[PDB]
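Chemist: first chunk of the complex, coordinates as they sit in the assembly:
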Amino acid sequence: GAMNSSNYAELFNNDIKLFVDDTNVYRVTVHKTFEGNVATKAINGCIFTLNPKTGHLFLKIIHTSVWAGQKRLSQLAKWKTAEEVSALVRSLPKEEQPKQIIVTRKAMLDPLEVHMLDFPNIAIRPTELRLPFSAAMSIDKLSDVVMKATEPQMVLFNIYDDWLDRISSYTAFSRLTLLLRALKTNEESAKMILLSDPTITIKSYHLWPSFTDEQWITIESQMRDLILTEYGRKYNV
């Protein structure tokens, strides 16, 4: 059934599963026309498909061309996401295909279910968790590759970098969502935190700086503090 804080630790058993996040599929700017009416301009977006156990990300870039000549785009976005998730599932060897796909957003269920008819034994699940994967475009290398694309494209990343070498999935995922939750609530601040010290660099094949074990603790503490500060501000507590 639905995914929540009860059944949180199923994410890290050895059943292959993927999260799918569609929030960044159809992205627009909103601007005024010469006649003073409102009009939107689309930009490149991405499907956020992530194996929480392993960190494998299947960043499916959605090129603005996809939308050319299309109506009801926000609705089409869900159908495309589902179309593209299915094709990713078909492109993978059977023993790599997931047993579950969890969508971050309930509106994705029917489109995905429909597109997965050919995979009846793959369960499509909603979630009640409030995950922060919409903040994926606040990760610089990820927003760059999305923005620079000229054609539909898939880019493969590991969203944990090399962390698993030293920590477990559960912990990897908790760091990942902590960072994104901070990026979501106050991007400027969260990024200041991460990049302040110029002597801690980002490896070319990585997304986050190469913090030592000690430094990761300071960072996580600072991301925590950030997030409580912004909540106080939001609600005057």
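Modeler: Thanks, I have it. Residues are numbered from 1 along each chain as shown, chains lettered A, B, ... in the order given.

Chemist: Now do the contacts for the residue nearest in space to the middle of chain A.
Modeler: Chain A has residue A:133 as the residue nearest its centroid, 3.7 Å off, counting by Cα atoms, centre = their mean. Residues counted as contacts of residue A:133 (Cβ atoms under 8 Å, 6 or more residues apart in numbering) are A:19, A:21, A:23, A:48, A:50, A:104, A:180. Where you see a C-beta, it was placed from the backbone N, CA and C, and this is true even at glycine.

Chemist: Regarding chain A, what is its longest helix?
Modeler: Longest helix of chain A, by residue count under DSSP state H: helix A:213-235.

Chemist: Point out the other elements, helices or strands, that it touches.
Modeler: helix A:169-185, helix A:187-195 (3 or more Cβ pairs under 8 Å, 6 or more residues apart in numbering; DSSP states H and E).

Chemist: which of these is buried the deepest?
Modeler: helix A:169-185 (a mean of 19; mean count of other Cβ atoms under 10 Å).

Chemist: angle of that one against helix A:187-195?
Modeler: 130 degrees (axes from the mean of the first three to the mean of the last three Cα atoms, to 10 degrees).

Chemist: Name the residues that touch helix A:169-185?
Modeler: Residues outside helix A:169-185 that contact it (Cβ under 8 Å, 6+ apart): A:9, A:11-12, A:52-55, A:131-136, A:138-139, A:159-160, A:163-164, A:167, A:189-191, A:193-194, A:208, A:216, A:220, A:223-224, A:226-227, A:230-231.

Chemist: Which members of those residues are classed as buried?
Modeler: Buried subset of the contacts of helix A:169-185 (neighbour count, 16 or more other Cβ atoms under 10 Å): A:11-12, A:52-53, A:55, A:131-136, A:138-139, A:159-160, A:163, A:189-190, A:193-194, A:208, A:216, A:220, A:223, A:226-227, A:230.

Chemist: that older thread, show me how to select, in PyMOL, the buried members of the contacts of residue A:133.
Modeler: In PyMOL syntax, the buried subset of the contacts of residue A:133 is picked out as below (16+ other Cβ under 10 Å):
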select buried, chain A and resi 19+21+23+48+50+104+180
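
Chemist: Buried residues in stretch A:82-99, which are they?
Modeler: So, applying 16+ other Cβ under 10 Å, buried residues of stretch A:82-99: A:82, A:83, A:84, A:85, A:86, A:88, A:89, A:97, A:98.

Chemist: Spell out, range by range, the strands that occur in chain A.
Modeler: Taking DSSP state E, the strands of chain A run over residues A:17-21, A:27-32, A:38-43, A:45-50, A:56-62, A:100-103, A:123-125, A:153-158.

Chemist: Who are the packing partners of the second one?
Modeler: In terms of contact count using 3+ Cβ pairs under 8 Å, 6+ apart, strand A:27-32 is assigned the packing partners strand A:38-43.

Chemist: extra chain here, label it chain B:
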Amino acid sequence: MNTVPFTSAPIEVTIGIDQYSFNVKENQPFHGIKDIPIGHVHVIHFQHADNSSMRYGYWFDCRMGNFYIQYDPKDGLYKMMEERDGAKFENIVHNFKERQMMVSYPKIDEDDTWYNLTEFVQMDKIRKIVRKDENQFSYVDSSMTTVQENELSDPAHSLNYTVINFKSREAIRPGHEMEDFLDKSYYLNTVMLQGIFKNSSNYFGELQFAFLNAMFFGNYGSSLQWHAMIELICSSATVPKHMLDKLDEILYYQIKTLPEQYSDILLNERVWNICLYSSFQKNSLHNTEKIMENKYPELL
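Modeler: Okay, chain B now, added to the rest:
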């Protein structure tokens, strides 16, 4: 005009016939229903005074033979049976009339209600849904399940309704995934109309049978089949104009005949709001919309 005699009335029961019904007392001398219009299907049904659960009854058609009702004490229920001895049957019917122990199918000549309720229902199609081919009439009750229900147990007692599933390979042409789930015209017109039902009248008859089974036995899977068949149409962008105007009549009379107190279990809020206000056909059900609002404003 045909007659359905009763051997006896051993137990207290409310008997129904089509949309009419009568209370009959334990060992009241009651010996059948007469003046029953030939030319449509009928259904005689039963609710014992002791077990208000399990309503049950028999669909039939006097043209297909001579039928009567006899209470079986081992099974504890009223059973439909066929007398094959023509003379022997007219003999019993004439005697009981003379003794006047029968009630008259009480049709007001202005009333097209049963015909409207049953216009497209044909016995031969019913016997394909209630497979029991050693009888010419068909038994149904409150608790019988459908085939679709059985997939998601005993198949002799199955309601073999035609299986409709919006999220199945049947309904969804590969490559037209989004198209066909938002606009079910394909499923309705080619797969279901032209493919499985052959014509719109078989569809409508099944639709209408399913509704009556829900109404008379509170058969829950039948209520489900009825809504899915309405839903499929309402969710199709492209429907033959005659089917639309016939559906609007069909539903008017189904909504008009429903007992007022049962609107809550029998009417699926989502499908109705979709049909009347959301779907493609929002504008094509003018009589059904008017009767729903003025009789059941709340459900919407």
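
Chemist: Take the buried residues of stretch A:82-99 again, chain B included.
Modeler: Going by neighbour count (16 or more other Cβ atoms under 10 Å in any protein chain shown), the buried part of stretch A:82-99 is A:82, A:83, A:84, A:85, A:86, A:88, A:89, A:97, A:98.

Chemist: Return the closest of those residues with respect to residue B:244.
Modeler: Residue B:244 lies nearest to residue A:82 out of the buried residues of stretch A:82-99, by Cβ to Cβ, at 31.2 Å.

Chemist: Number of residues surrounding whichever residue of the stretch 51-200 of chain B sits closest to chain A?
Modeler: Residue of the stretch 51-200 of chain B nearest chain A, by Cβ to the nearest Cβ: residue B:178 (3.9 Å). By other Cβ atoms under 10 Å in any protein chain shown, the residues close to residue B:178 number 21.

Chemist: for the one helix or strand it maps to, packing partners?
Modeler: Taking DSSP states H and E as the definition, one finds residue B:178 inside helix B:177-182. Using 3 or more Cβ pairs under 8 Å, 6 or more residues apart in numbering or on different chains; DSSP states H and E, the elements in contact with helix B:177-182 are helix A:73-91, helix A:109-115.

Chemist: what do you get if the cut-off is 6 Å, keeping everything else the same?
Modeler: On a contact count with 3 or more Cβ pairs under 6 Å, 6 or more residues apart in numbering or on different chains; DSSP states H and E, helix B:177-182 meets helix A:109-115.

Chemist: Quick check: closest non-adjacent residue to residue A:111.
Modeler: residue A:82 (3.7 Å; Cβ to Cβ, 6 or more residues apart in numbering or on different chains).

Chemist: no no, residue B:293
Modeler: residue B:300 (6.8 Å).

Chemist: Check the gap between that neighbour and residue A:155 for me.
Modeler: Residue B:300 is 49 Å from residue A:155, where distance means Cβ to Cβ, to the nearest Å.

Chemist: go on, residue A:12?
Modeler: On the measure of Cβ to Cβ, residue A:12 and residue A:155 end up 24 Å apart.

Chemist: could you show me where the helices are in the stretch 1-150 of chain B, in order?
Modeler: For the stretch 1-150 of chain B, applying DSSP state H, counting those that start in this stretch gives helices covering B:86-98, B:113-118, B:123-129, B:147-151.

Chemist: Could you export those as JSON lines, including distance to residue B:226 and mean neighbour count?
Modeler: As requested, the helices of the stretch 1-150 of chain B are exported to JSON lines (distance: least, Cβ to Cβ, whole Å; neighbours: other Cβ atoms under 10 Å in any protein chain shown):
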{"stretch": "helix B:86-98", "distance to residue B:226": "35", "mean neighbour count": "14"}
{"stretch": "helix B:113-118", "distance to residue B:226": "12", "mean neighbour count": "18"}
{"stretch": "helix B:123-129", "distance to residue B:226": "13", "mean neighbour count": "17"}
{"stretch": "helix B:147-151", "distance to residue B:226": "13", "mean neighbour count": "15"}
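
Chemist: The residue nearest to residue B:279 when sequence neighbours are not counted: neighbouring residues, count only.
Modeler: Spatial nearest neighbour of residue B:279, chain neighbours left out: residue B:234 (3.9 Å); criterion: Cβ to Cβ, 6+ apart. Residue B:234 has 24 neighbouring residues, counting by other Cβ under 10 Å.

Chemist: Good, we can wrap up now.
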